[PDB]
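Colleague: Got a structure here, written out as structure tokens. Questions coming.
Chains as they are written, first to last, in UniProt numbering: chain V, 60 to 117; chain Z, 56 to 146; chain E, 7 to 128.
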């Protein structure tokens, strides 16, 4: 998690820590989707956040 | 665009005037009736075209505004559908 | 406002010539042809004036013109589409709000760190 991609998950790799990281990523993705739908679709941070969350889960 | 129809109408009017003015001494009653029916049809078509032109000129800027609004709504709907499909495929 | 008055006068003259020539016209019926040519020229001038702005004329405009009706039906359809789009946007916003509320509840019931972050840090 600390090499190859952005470092988000710590060295603990706990089940609760992974669940909290996934929840934070889902909240960020929801905020980005709401901002894109409300203001303008010129924001593509939602797909990047989803890919980062998928990589962290993997 | 408009040039094609303008030229067609000009050619039709020229042919009609040449047929009605040069050979006027060789026209029958049925020919006169057919010419009157053609003139009435042309007048109805011209009235419809004038009504359409008036409806387009009285709402020329409004037509552009409505087209822009419809395009923006369609783009927003397409972006929403694409985002939903991407989320469904990722989840 | 001289083009519309002239167009109306030409239309009235053409109607009067058609109503007067309902009998057997032996003379040269040039008045009807002149009125039709004047009306066509006025329509062409109005079309050129409307196209001088160089707007993006789509294929639907020509189709609705050839259909034989006015653009008022298209305006009503666009208004209905705008109302439906507003309703769909409201429904999507309500669904997003419900999803956000459910996510916040799941966070509060799972990990209070993310809830505290979203409530005070953000």
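Beta carbons are placed, not taken as given, at the ideal position from N, Cα and C, and that holds for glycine.
Which residues, taken in chain order from the segment 103-115 of chain Z, show a beta carbon closer than 9 Å to some beta carbon of chain E?
Modeller: Hits within the stretch, in order: 103, 104, 105, 106, 107, 108, 109, 110, 111, 112, 114, 115.
Colleague: On the criterion of 16 or more Cβ atoms from any shown chain inside 10 Å, does residue 113 of chain E qualify as buried, or is it exposed?
Modeller: buried
Colleague: Please report the distance separating the alpha-carbon of residue 109 of chain V from that of residue 81 of chain V.
Modeller: 10 Å
Colleague: Whole angstroms are fine: how far does the CA of residue 107 of chain Z sit from the CA of residue 88 of chain V?
Modeller: 50 Å
Colleague: Please identify the residue among Z:133, Z:69, Z:104 whose C-alpha is closest to the C-alpha of residue 40 of chain E.
Modeller: Of the listed residues, the one whose Cα sits closest to residue 40 of chain E is Z:69.
Colleague: What does a CB cutoff of less than 8 Å around residue 45 of chain E pick up in its chain, not counting 5 residues either side in sequence?
Modeller: By the criterion of a C-beta distance shorter than 8 Å, residue 45 of chain E is surrounded in its chain by 13, 16, 17, 20, once the five residues flanking it on both sides are discounted.
Colleague: Please state whether the Cβ-Cβ distance between residue 42 of chain E and residue 101 of chain Z is less than 7 Å.
Modeller: yes
Colleague: Say whether chain V places a C-beta atom closer than 7 Å to the C-beta of residue 113 of chain E.
Modeller: yes
Colleague: Please list, in chain order, the chain V residues whose beta carbon lies closer than 7 Å to that of residue 93 of chain E.
Modeller: Ordered by position in chain V, no residue passes the 7 Å Cβ test against residue 93 of chain E, which lies about 15 Å from the chain.
Colleague: Give a yes or no on contact between the segment 23-40 of chain E and the segment 89-98 of chain Z, applying the rule of three or more CB pairs nearer than 8 Å.
Modeller: Counting Cβ pairs under 8 Å, three or more are found: they touch.
Colleague: Indicate whether at least one CB of chain V lies closer than 7 Å to the CB of residue 102 of chain E.
Modeller: yes
Colleague: Along the chain, where does the alpha helix (DSSP H) containing residue 111 of chain V start, and where does it finish?
Modeller: Counting along the chain, the alpha helix (DSSP H) containing residue 111 of chain V begins and ends at 104-116.
Colleague: Please name the residue, chosen from E:11, E:72, E:74, E:85, that lies closest to residue 118 of chain Z on a Cα-to-Cα basis.
Modeller: Of E:11, E:72, E:74, E:85, the residue nearest in Cα terms is E:85.
Colleague: Would residue 62 of chain Z count as contacting chain E if we go by Cβ distances under 7 Å?
Modeller: It does not; no Cβ of chain E falls within 7 Å.
Colleague: When you compare only the Cα positions, how much space is there between residue 67 of chain Z and residue 95 of chain E?
Modeller: 53 Å
Colleague: Should the segment 119-136 of chain Z be regarded as contacting the segment 75-92 of chain E, the criterion being three or more beta carbon pairs within less than 8 Å?
Modeller: yes
Colleague: In angstroms, rounded to a whole number, what distance separates the CA positions of residue 11 of chain E and residue 115 of chain Z?
Modeller: About 19 Å.
Colleague: Is the closest heavy atom of the ligand ATP to the C-beta of residue 69 of chain Z under 6 Å?
Modeller: With respect to small molecules bound, the structure shown includes none, and the ligand ATP cannot be examined in it.
Colleague: For residue 112 of chain Z versus residue 60 of chain E, is the C-beta distance shorter than 7 Å?
Modeller: Against a cut-off of 7 Å, the Cβ pair of residue 60 of chain E and residue 112 of chain Z comes out as no contact.
Colleague: Just the chain E side, please: which residues come within less than 8 Å of residue 132 of chain Z by C-beta, in chain order?
Modeller: 91, 94
Colleague: Is there at least one Cβ from chain Z nearer than 7 Å to residue 42 of chain V's Cβ?
Modeller: Since the first residue shown for chain V is 60 and the last is 117, residue 42 of chain V is missing from the structure and cannot be characterised.
Colleague: Between residue 111 of chain E and residue 62 of chain V, what straight-line distance do the alpha-carbon atoms span, to the nearest angstrom?
Modeller: Approximately 33 Å, taken between the alpha carbons.
Colleague: For the putative contact between residue 102 of chain V and residue 94 of chain V, defined by C-beta atoms under 8 Å, what is the C-beta separation to the nearest angstrom?
Modeller: The beta carbons of residue 102 of chain V and residue 94 of chain V sit about 6 Å from each other, so the pair counts as a contact at 8 Å.
Colleague: Applying a beta-carbon distance threshold of less than 9 Å, which residues of chain V neighbour residue 80 of chain E?
Modeller: Going along chain V, no residue has its Cβ under 9 Å from residue 80 of chain E, so there is no contact; the nearest lies around 26 Å.
Colleague: On the criterion of 16 or more Cβ atoms from any shown chain inside 10 Å, does residue 117 of chain E qualify as buried, or is it exposed?
Modeller: buried
Colleague: Which residues in the same chain have their Cβ closer than 8 Å to the Cβ of residue 57 of chain E, if we skip the five residues on either side of it in sequence?
Modeller: 63
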